[PDB]
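S.K.: First, the structure itself, so that you have it in front of you.
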Amino acid sequence: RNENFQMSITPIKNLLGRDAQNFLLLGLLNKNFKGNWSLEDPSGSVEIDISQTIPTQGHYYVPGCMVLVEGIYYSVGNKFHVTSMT
Amino acid sequence: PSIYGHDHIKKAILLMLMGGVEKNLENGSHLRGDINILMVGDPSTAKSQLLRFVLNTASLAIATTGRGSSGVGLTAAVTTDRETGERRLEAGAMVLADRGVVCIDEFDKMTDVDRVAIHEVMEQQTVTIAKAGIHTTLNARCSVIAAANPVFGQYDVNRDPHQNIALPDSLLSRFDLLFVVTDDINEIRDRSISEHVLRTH
DNA sequence: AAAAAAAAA
Ligand SMILES: Nc1ncnc2c1ncn2[C@@H]1O[C@H](COP(=O)(O)OP(=O)(O)OP(=O)(O)O)[C@@H](O)[C@H]1O
Ligand SMILES: [Mg+2]
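Here the protein sequences come in this chain order: F and 3. Read in order, the letters of the first sequence are residues 231 to 236, 266 to 345 in PDB author numbering. Read in order, the letters of the second sequence are residues 369 to 569 in PDB author numbering.
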């Protein structure tokens, strides 16, 4: 319902067949059973790359909070290289 | 346009539908003029659909199944006319396709005996009937396209090509082009083909 | 004359 959003988000499960392309997605932020950072969606779940993430200041980024994730998928492994989070 | 990939197969079909000219010589007898193409591959790789498309788009073609045919009845038959009371030859499946193209499915499942009936046609493009007092040579200058499955359920790329194909080399040497197709699993191709097939439906 | 089922090799 936001005024700005009328770019469109993409479900997690639709990230399997594409790579080297930017995407926007949101979901629950938490830790997997292995111990890495993952995002959850009703469609599915992916992993998170944090090494080059610039977050929007003014928020308490805590596990269990919905976050808008922008980054580039990589099908070489399963790492979603996030470039910003808000 | 509804078949994804197989571009070289499409080019081969295009060149086969309008193949080269036949040659005749006062001393060299006769030279074959057209092209025959055989394809082998693991199941569910869109061979029969391409065969049906070639049937639909050709000027003249006849559909034939390996299991549902008999070689002796494929070329000619002996039938007694009810009016004249005499027996006359009835044209077989391949004779009707003179100057046309014949498509055969389940070729590797087709009986070995009748295979020789095909080889004769591949030899001089003429069938000879000598039975019940009729001695005639019938012209059949058609091209044949066939698709067959390997001996195993799926193609083994690590094995001898002769090992994977049940047909003897004697007739395999006749075909000008041999094509082997495999459905290699790749997520990019899987997504592309899934999008295409969903678009078609 | 040509297709289809049965028992023995
Ligand atoms: N590249 C493709 N584009 C579109 N449809 C395809 C493609 N590959 C396979 N198919 C689909 O696969 C299905 C299998 O078709 P078909 O039986 O004719 O294939 P085949 O490779 O000839 O298989 P078989 O060995 O069983 O005869 C079809 O419904 C066809 O639409
Ligand atoms: Mg098929």
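A virtual CB, placed ideally from N, CA and C, is assigned to each residue, including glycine.
Over what stretch of residues does the alpha helix (DSSP H) that includes residue 539 (chain 3) continue unbroken?
M.R.: Segment 537-540, the alpha helix (DSSP H) holding residue 539 (chain 3).
S.K.: By Cβ distance below 7 Å, which residues in the same chain neighbour residue 382 (chain 3) in space, the five residues on each side in sequence not counted?
M.R.: Cβ within range, chain order: n/a, list empty.
S.K.: Closer than 9 Å, Cβ to Cβ, to anything on chain 3: give me those residues from the region 275-296 of chain F, in chain order.
M.R.: Within the region 275-296 of chain F, the residues whose Cβ lies closer than 9 Å to some Cβ of chain 3 are 275, 276, 277, 278, listed in chain order.
S.K.: For the pair the region 462-478 of chain 3 and the region 439-452 of chain 3, tell me if three or more CB-CB distances fall below 8 Å.
M.R.: The region 462-478 of chain 3, when compared against the region 439-452 of chain 3, does touch it at the 8 Å Cβ threshold.
S.K.: Measure from the C-beta of residue 302 (chain F) to each C-beta in chain 3 and report whether the shortest distance is under 8 Å.
M.R.: False, the Cβ-Cβ gap to chain 3 never drops below 8 Å.
S.K.: Could you name the residues that DSSP lists as bridge partners for residue 323 (chain F)?
M.R.: None, per the DSSP bridge assignment.
S.K.: Using a Cβ cut-off of 9 Å, pull out every chain 3 residue sitting near residue 355 (chain F), in sequence order please.
M.R.: In the structure as shown, chain F starts at 231 and stops at 345, and residue 355 (chain F) therefore has no counterpart that could be examined.
S.K.: Relative to the alpha-carbon of residue 534 (chain 3), which residue among 526 (chain 3), 516 (chain 3), 524 (chain 3) has its alpha-carbon at the smallest distance?
M.R.: The shortest Cα separation from residue 534 (chain 3) among 526 (chain 3), 516 (chain 3), 524 (chain 3) belongs to 516 (chain 3).
S.K.: Would you mind telling me which residues of chain F sit closer than 9 Å to residue 559 (chain 3), beta carbon to beta carbon, in chain order?
M.R.: Per Cβ cutoff of 9 Å: 275, 276, 277.
S.K.: How about residue 517 (chain 3): is its Cβ closer than 7 Å to a heavy atom in ligand 1?
M.R.: Yes - ligand 1 has a heavy atom lying nearer than 7 Å to the Cβ of residue 517 (chain 3).
S.K.: Taking 7 Å as the cut-off, is the C-beta of residue 416 (chain 3) nearer than that to any heavy atom in ligand 2?
M.R.: Yes, the Cβ of residue 416 (chain 3) comes within 7 Å of a heavy atom of ligand 2.
S.K.: Helix, strand or coil: which one does DSSP assign to residue 286 (chain F)?
M.R.: Residue state, collapsed to three classes: strand.
S.K.: Report back the beta-carbon spacing between residue 422 (chain 3) and residue 513 (chain 3) to the nearest angstrom; my notes put them in contact at under 8 Å.
M.R.: The pair is a contact, with the Cβ atoms about 7 Å apart (cut-off 8 Å).
S.K.: Would you say the region 317-329 of chain F touches the region 338-345 of chain F, given that touching needs at least three Cβ pairs under 8 Å?
M.R.: With the cut-off at 8 Å, the region 317-329 of chain F and the region 338-345 of chain F touch.
S.K.: Starting from residue 532 (chain 3), trace the alpha helix (DSSP H) in both directions and tell me its first and last residue.
M.R.: Element bounds for residue 532 (chain 3): 529-532.
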